[PDB]
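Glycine gets a Cβ as well: all are built from the backbone with ideal geometry, and neighbour counts include every protein chain shown. None of the figures in this text is laboratory data; all of them are computed from the coordinates on show.
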Amino acid sequence: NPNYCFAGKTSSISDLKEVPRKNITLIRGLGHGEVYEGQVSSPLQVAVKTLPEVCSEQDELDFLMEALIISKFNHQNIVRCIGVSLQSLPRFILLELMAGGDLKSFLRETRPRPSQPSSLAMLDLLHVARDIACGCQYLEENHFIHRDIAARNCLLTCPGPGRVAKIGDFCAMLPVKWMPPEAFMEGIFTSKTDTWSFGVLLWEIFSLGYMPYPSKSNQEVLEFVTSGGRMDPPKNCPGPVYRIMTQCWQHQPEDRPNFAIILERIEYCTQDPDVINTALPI
Ligand SMILES: Cc1cc(-c2cnc3ccc(N[C@@H](C)c4ccc(F)cc4F)nn23)n[nH]1
C-alpha cells in the first residue's frame, strides 16, 4: 500500500519480484530479525533476512520499506536484492550472499598474528575503504542519506584476495559514536553526516575492528566530540590515511569532503608506496 521514491521514480510492493515460498530453502543461521543462508529453486545461493512473526504492525512496514529501498539500488558496492517472499509467513527479503561475512568480525578474525603473518596488508584495507566510499558516493549522487555507516553494516564478497566490500544493512540506542555533532544535537542529517560516519568507519578499518572511542561511554563521546575531541590514529595508521579521517570529522559540515573527494583521496593513498608499504601491527 505505501509507495517510495528514488532517483526520480516511485515504486511500490507491486514492483518487487515475489518468489514463491516453496522455492526457498533455508540452511545455516548467519546472525541476528535474523539472517539465514538460503537456496532458490545451477540453483542460486542467497541470504534470507526474516521478519519475526511475533512483531508489531510498525515492524512489518519498516521491513516492507527496507525491501523497497534495497530493491531500488543498482550499484556494485551495495548488496543486491534478489527478491521477496511477503505473501507467506514469515516474510522474507532475499539478498546477495556475501561469503566474506561482516566487515568487523572479518577485521577482528583476520588481524595478523604469528599464526597468520601477513594475512592482510595495508593495500587490502584501502581497497575496502574505497569500495564503501564508492557505494556512499552513489548514495550521495542519488540524494540518499544512510545515517548508520559502520563496519557492522558492511559485508565482503569473499575472504581472500579479490574480495569486494558492499553496504549491506539499512535515545541510548542511537549510534552516537558514528554521528557528527549536528546529528545527535539537532537531528540534522545530510550527505555530510554520512561523510562523518565514513571517517569513523575508516578508523574502524585501520584499527582492524576495534570499537571506536574504546574507553569512552556514549555520553563521554558526545561531550568529547562536542568539545573538539577527536580519535587518535589507529596503531601504525599512515598519516595520509589519518588525514582523511580528521577531514571527515571537521566540526562544520560544509568543511567536510563529499564522497567524490574522499574517493579521490583514498585512491591517491593507494598510489603512495610509503602508505601501502606500512606493516600492520600484529
Ligand atoms: C545480507 C547478507 C549477509 C551475509 C552474510 C554472510 N556471512 C555472514 C555472517 C554474519 C552476518 N550477519 C548479518 C546480521 C549481517 C551482517 C552485516 C550486514 F551488513 C548485514 C547482515 F545481515 N551476515 N553474513 N550475506 N548477505
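Here are the numbers for this structure:
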quantity: Total charge dipole magnitude, segment 98-272, about the Cα centre, Cβ charges on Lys, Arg, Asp, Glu only, Debye to nearest 20; calculated: 580 debye
quantity: Charge dipole magnitude, Cβ of K and R +1, D and E -1 - segment 1-97, Cα centre, debye nearest 20; calculated: 400 debye
quantity: Estimated FRET transfer efficiency (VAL54, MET173; beta-carbon r; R0 22 Å; 0.05); calculated: 0.65
quantity: Label point distance in nm, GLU18-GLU186, each placed 7 Å from Cα along Cα→Cβ; calculated: 4.4 nm
quantity: Separation in nanometres of the label points that stand 7 Å from Cα toward Cβ, at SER217 and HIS251; calculated: 2.4 nm
quantity: Ranked by how many other beta carbons lie within 10 Å on average, peptides 46-56, 109-119 from highest; calculated: 46-56, 109-119
quantity: Theoretical ellipticity at 222 nm over the chain - DSSP helices of four or more residues, -39500 (n - 2.57) apiece, nearest 500; calculated: -10500 deg cm²/dmol
quantity: Cα-based Rg of segment 190-237 normalised by 2.2 N^0.38 Å, two decimals; calculated: 1.16
quantity: Residues whose placed amide H lies under 5 Å from that of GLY83, excluding near-sequence neighbours; calculated: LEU94
quantity: Percentage of interatomic Cα-Cα distances in segment 1-147 larger than 20 Å; calculated: 57 percent
quantity: Surface/4 estimate of mean projected area, convex hull on alpha-carbon atoms of segment 98-272, nm²; calculated: 10.0 nm²
quantity: At 0.692 mPa s and 37 °C, Stokes D of segment 178-270 from Kirkwood alpha-carbon radius, µm² per second; calculated: 244 µm²/s
